[PDB]
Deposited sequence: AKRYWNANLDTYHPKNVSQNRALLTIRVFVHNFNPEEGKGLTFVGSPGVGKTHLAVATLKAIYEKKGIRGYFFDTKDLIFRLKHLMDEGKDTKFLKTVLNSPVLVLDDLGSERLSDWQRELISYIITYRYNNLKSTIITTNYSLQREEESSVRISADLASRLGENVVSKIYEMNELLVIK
């Protein structure tokens, strides 16, 4: 939660054209935000680049100018949590509040490779939020450099074609450099 205590659309000081465009987009996005549209953003990019900073920021600006409460998860942390209350088998309540969330930040959704069972949980959670028009914000890592659709196949390679295709029809792509 709070290495990003300070994370605000407002500390925000962009340092290249990438970051400025990203901040403009985010601003427009938050201002027209409608839990109902199930629209989101995807932040790609090498690391230490302020992708996650911007996603926390986006989540805050939402509920500051729209009073809607999001949720912020490290994708692996979420998955790991869920598998464990899902085979202890008791809590359907955590799963439901995560799936039905009006805004959800899946930080690092899928950088690195995901074993069959984490793959299954992601596909589930994304199929659900896709079907139910639930706005979902994603940050993922991309590294080899000079776009659109390689970023597609690269993401597709550890997430699956299916999840990535859906991610695209829900989210606008913001490459931060």
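Unmodelled intervals of the deposited chain, in order
Coordinates drop out only over 147-149.
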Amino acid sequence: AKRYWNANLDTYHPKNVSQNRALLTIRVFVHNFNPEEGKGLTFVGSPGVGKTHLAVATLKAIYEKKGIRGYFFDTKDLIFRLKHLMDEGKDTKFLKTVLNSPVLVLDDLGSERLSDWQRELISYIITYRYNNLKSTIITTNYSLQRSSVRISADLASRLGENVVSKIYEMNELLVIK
From here on, numbers count along this sequence of modelled residues.
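Averaging CA B factors per stretch from the PDB record, which one is higher: 107-115 or 46-54?
The entry gives the higher C-alpha B-factor average to 107-115.
Could you check which stretch, 90-98 or 71-79, carries the larger mean CA temperature factor in the entry?
On average, C-alpha B-factors are higher across 90-98.
Determine which member of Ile138, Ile26, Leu144, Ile126 has the highest CA B-factor, using the values in the deposited entry.
In the PDB entry, the greatest C-alpha B-factor among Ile138, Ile26, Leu144, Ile126 is found at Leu144.
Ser165, C-alpha B-factor rank within chain (lowest, middle or highest third)
Its C-alpha B-factor, which the entry lists for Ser165, ranks in the lowest third among residues of this chain.
Assigned third (lowest, middle, highest) for the C-alpha B factor of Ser152:
As the PDB entry reports it, the C-alpha B-factor of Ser152 lands in the highest third of its chain.
Taking the chain's C-alpha temperature factors as the reference, tell me which third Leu159 falls into: lowest, middle or highest.
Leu159: CA B-factor falls in the middle third of its chain.
Using only modelled residues of the chain, where does the Cα B factor of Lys134 rank: lowest third, middle third or highest third?
CA B-factor rank for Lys134: lowest third.
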